[PDB]
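# Survey of secondary and tertiary structure
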Amino acid sequence: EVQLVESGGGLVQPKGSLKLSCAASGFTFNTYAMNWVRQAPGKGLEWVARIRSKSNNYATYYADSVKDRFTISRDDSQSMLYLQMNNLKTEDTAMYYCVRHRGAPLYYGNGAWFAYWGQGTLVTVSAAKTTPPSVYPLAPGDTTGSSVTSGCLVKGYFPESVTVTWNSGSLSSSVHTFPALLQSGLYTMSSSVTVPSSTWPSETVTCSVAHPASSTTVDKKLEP
Amino acid sequence: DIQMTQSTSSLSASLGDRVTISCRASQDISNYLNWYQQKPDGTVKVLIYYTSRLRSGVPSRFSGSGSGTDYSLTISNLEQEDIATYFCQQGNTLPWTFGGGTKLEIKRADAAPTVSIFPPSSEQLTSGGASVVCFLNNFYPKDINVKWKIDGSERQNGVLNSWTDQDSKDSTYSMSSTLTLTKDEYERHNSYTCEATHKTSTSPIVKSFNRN
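Looking now at the overall build of chain A. Secondary structure summary: chain A contains one helix and 19 strands in total. In terms of overall dimensions, chain A is more spread out than a globule: its C-alpha atoms have a radius of gyration of 22 Å, far above the 17 Å expected for 224 residues. Projected onto its principal axes, the C-alpha coordinates of chain A cover approximately 70 × 40 × 30 Å. With the model as given, the accessible surface of chain A reaches about 10,500 Å², and the carbon-plus-sulfur share is 48%.

Written out as structure tokens, the structure is:
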């Protein structure tokens with residue numbers, strides 16, 4: 001199975017610089033052209049840059065808005081792809097995907113297309129400062145029915161990338177993640193879970209909130 | 001650059017229906033037109049390449065056609081797992097460009113929301129804040145109205161609403177309504193009420209608590 005794992009994404013000040021990496025496996029890295037593709041929040045896909053194989057002299061090309069500021073490179077001995085990003089503007093804020101080009105044109109056509117995609121890494125270009133989240137439990141105030149819905153409020157963080165899990169992910173079937181909204185300066189969201197009433201509060205239910213940009217992890221047990 | 005234009009940004013259809021999504025290029029692209037699917041979780045995969053060639057491992061209910069500047073993706077019978085955004089992409093000439101995407105919603109039977117209200121937490125109260133939270137969960141269709149009443153009186157200010165994506169498993173939506181107040185503002189009232197009006201019922205679903 002082809003795998004592509006990007007890293008290096010994070011918060012950077014406007015006019016700053018940042019370097020993305022991608023690790024590949026499950027195919028012969030040095031025979032393929034490679035790309036980066038991006039997606040601004042709530043927008044569509046935009047091709048960013050391409051680097052060909054060594055047989056094609058590692059030829060590079062760039063999207064208009066990034067030419068002369070971004071450099072794409074590869075290290076075939078480690079199956080790695082990189083994107084050096086300089087003079088960053090707010091409009092470079094996006095999810096960046098490492099992407100493997102289609103194979104031999106004889107079987108797949110001369111036309112460019114994108115065979116395998118990574119899951120992506122988030123880049124945020126902003127002058128705002130990293131701020132960890134406050135995590136408040138949402139527990140019924142109340143008559144009990146056959147199910148019960150609990151939640152966690154996650155408030156006051158920047159930049160945008162928190163994961164909320166329930167009982168270390170052992171509770172996944174009825175989890176709702178509400179998109180984060182800018183307050184502004186700062187993000188807020190909540191997450192909810194529904195369990196059978198017999199399950200809670202007899203058994204323990206904890207929501208775990210991670211905020212990589214600030215290396216913060218908070219686990220909140222829900223009181224009744 | 002070649003501008004790629006998709007028919008709509010959004011459409012809605014029933015399980016079992018045939019759906020077609022169109023793509024137009026600003027210049028002839030010699031059949032080098034490819035289609036991608038992006039799941040709500042962000043994951044992207046190729047469906048069709050070179051106009052009509054089905055990607056190995058992709059269900060045959062997906063097909064493509066067209067020539068010159070006009071192209072189409074067709075899903076012959078719509079399945080649950082097809083909730084996603086669909087993108088076309090020209091690979092004729094650099095820079096390679098994408099259409100703006102077409103979001104696909106699945107139709108289903110109407111469903112009433114389950115409503116839950118939550119007072120501000122103690123932890124939050126001590127920090128000088130007061131957020132009252134209301135979840136409206138697993139309803140269909142998407143259109144819904146939520147009113148906040150404080151001691152019988154409607155409030156507009158400081159109310160923030162947020163909808164989920166259509167959920168991939170059961171095609172319902174959920175939404176949160178968060179009323180943010182100062183602690184001393186919260187402390188001057190007693191009854192807090194969240195009311196949801198939805199086409200599934202003439203009567204609002206009302207959820208309520210007293211600060212005591």
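Once that is clear, we can look at the environment of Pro141 of chain B. Inspection of the secondary structure assignment puts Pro141 of chain B in the loop between β13 (129-139) and β14 (145-150). For the pair formed by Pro141 of chain B and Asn190 of chain B, sequence separation is 49 residues and the distance between their alpha carbons is 33 Å.

All names here are of chain A. The sheet built from three strands is open, its strands ordered β14-β18-β19 with antiparallel pairing. Looking at the sheet topology across the chains shown, the edges are occupied by β14 (163-166) and β19 (216-221). Taken over all neighbouring pairs, the strand axes of this sheet differ in orientation by 20° on average, direction set aside.

Before going further, it helps to examine the interface of chain B and chain A. If you look at the interface, chain B gives 40 residues, while chain A gives 46 residues. The largest contributions to the chain B side of the interface with chain A come from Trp96, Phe98 and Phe118 of chain B, which together make up 17% of the buried area. In this assembly, chain B and chain A are joined by zero salt bridges. Counting every contact that joins chain B to chain A gives 13 residue pairs in polar contact. When contributions to the side of chain B that touches chain A are tallied by element, the ones reaching two or more residues are β4 (33-38), β5 (44-49), β9 (84-90), β12 (114-118), α1 (122-126), β13, β16 (159-163) and β17 (173-182) of chain B. Considering each element in turn, the side of chain B that touches chain A owes the most residues, five residues, to β13 of chain B. Partitioning the side of chain B that touches chain A into residue classes produces 18 nonpolar, 18 polar and four charged.

Residue and element names in this part refer to chain A. Taken domain by domain, chain A comprises domain 1 (1-127) and domain 2 (128-224). Between domain 1 and domain 2, the C-alpha centre-to-centre distance is 33 Å. Contacts between the two partners involve five residues from domain 1 and, on the opposite side, seven residues from domain 2. A buried area of about 440 Å², summed over both sides, lies between domain 1 and domain 2, and 58% of it is on carbon and sulfur atoms. Of all residues in domain 1, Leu11, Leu122 and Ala127 give up the largest surface area on contact with domain 2, accounting jointly for 68% of the area buried on that side. Between domain 1 and domain 2 we count zero salt bridges in total.

Residues and elements named next belong to chain B. According to the stated counting rule, one finds four disulfides over all chains in the structure shown. The disulfide partner of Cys134 is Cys194, and the gap between their sulfur atoms is 2.1 Å. Taking the torsion about the sulfur-sulfur bond, which here is approximately -95°, the covalent link between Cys134 and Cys194 counts as left-handed. One end of the pair, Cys134, is in strand β13; the other, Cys194, is in strand β18 (residues 191-197), with 60 residues separating them in the sequence. Numbered by order of appearance in the sequence, the disulfide-linked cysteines of chain B pair as 1-2, 3-4. Looking at chain A, its bonded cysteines, counted consecutively from the start of the sequence, adopt the pairing 1-2, 3-4.

Time to look at the nonpolar core. In terms of nonpolar packing, the biggest core is built from 46 residues, with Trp36 and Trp117 of chain A touching the most fellow members. Listed in part, the 25 residues of the second largest apolar core include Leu11, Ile48, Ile83 and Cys88 of chain B.

Residues and elements named next belong to chain B. Take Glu105: it is sitting in strand β11 (residues 102-107). For the buried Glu105, no salt bridge exists, and the shortest N-O distance to an oppositely charged side chain is 4.9 Å, to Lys107. Of note is the side chain of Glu105, whose polar atom sits 3.4 Å from the side chain of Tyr140. Non-local contacts of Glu105, meaning those with residues more than four positions away in its chain, are made with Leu11, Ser12, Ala13, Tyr140, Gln166 and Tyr173.

Residues and elements named next belong to chain B. One can read the domain layout of chain B as domain 1 (1-107) and domain 2 (108-211). Computed over C-alpha atoms, the centres of domain 1 and domain 2 are 37 Å apart. Counting from both sides, the interface comprises seven residues of domain 1 and, opposite them, 10 residues of domain 2. Here domain 1 meets domain 2 over a buried area of about 690 Å², counting both sides, of which 35% is carbon and sulfur. Per-residue buried area on domain 1 facing domain 2 is highest for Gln80, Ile83 and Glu105; these three make up 54% of the total on that side. The tally of links from domain 1 across to domain 2 stands at zero salt bridges. Joining domain 1 to domain 2, the criterion identifies five residue pairs in polar contact. For the side of domain 1 that touches domain 2, the class distribution of residues is four nonpolar, one polar and two charged.

What follows concerns the pairing of strand β7 (residues 70-75) of chain A. All names here are of chain A. With burial as the criterion, only one face of β7 is covered, namely that bearing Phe70, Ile72 and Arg74; the residues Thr71, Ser73 and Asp75 on the opposite face remain uncovered. Bridge analysis of β7 against strand β8 (residues 80-85) gives six bridges, and the strand direction is antiparallel. When the bridges of β8 are listed, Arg74 appears paired with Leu81.

As a further point, take the environment of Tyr192 of chain B. Residues and elements named next belong to chain B. One can find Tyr192 in strand β18. By relative accessible area, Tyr192 is classed as buried at 0%. Sequence separation of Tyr192 and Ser153 is 39 residues, and the distance between their C-alpha atoms is 9.5 Å. Look past the residues within four positions of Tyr192 in its chain and what remains in contact with it is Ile117, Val132, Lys149, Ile150, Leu181, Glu185, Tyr186, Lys207, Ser208 and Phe209.

The rules we used
- Residues numbered from 1 in each chain as written, not as in the entry; some residues may be left out.
- Chains lettered and ligands numbered in written order.
- Heavy atoms only, no water.
- Helix = DSSP H or I, 4+ residues; strand = E, 2+ residues; numbered from the N terminus.
- Rg over C-alpha atoms; globule rule 2.2 N^0.38 Å.
- Areas by Shrake-Rupley, 256 points an atom, 1.4 Å probe, with all protein chains shown as cover.
- Pairing = 2+ DSSP bridges.
- Axes fitted to C-alpha atoms, helices over the stretch in contact; angles between N-to-C directions.
- Contact = heavy atoms within 4.5 Å.
- Buried area = accessible area lost by both parts, 1.4 Å probe.
- Salt bridge = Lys/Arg side-chain N within 4 Å of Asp/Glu carboxyl O.
- Polar contact = N/O pair within 3.5 Å; in protein donor to acceptor, adjacent residues only side chain to side chain.
- Nonpolar A, V, L, I, M, F, W, Y, C, P; charged D, E, K, R; others polar.
- Domains from an automatic or database assignment.
- Disulfide = S-S within 2.5 Å.
- Core = buried A, V, L, I, M, F, W, Y, C linked by side-chain atoms within 4.5 Å.
- Buried < 20%, exposed > 50% of the residue type's maximum accessible area, 1.4 Å probe, protein only.
- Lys, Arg positive; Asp, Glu negative; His and termini not counted.

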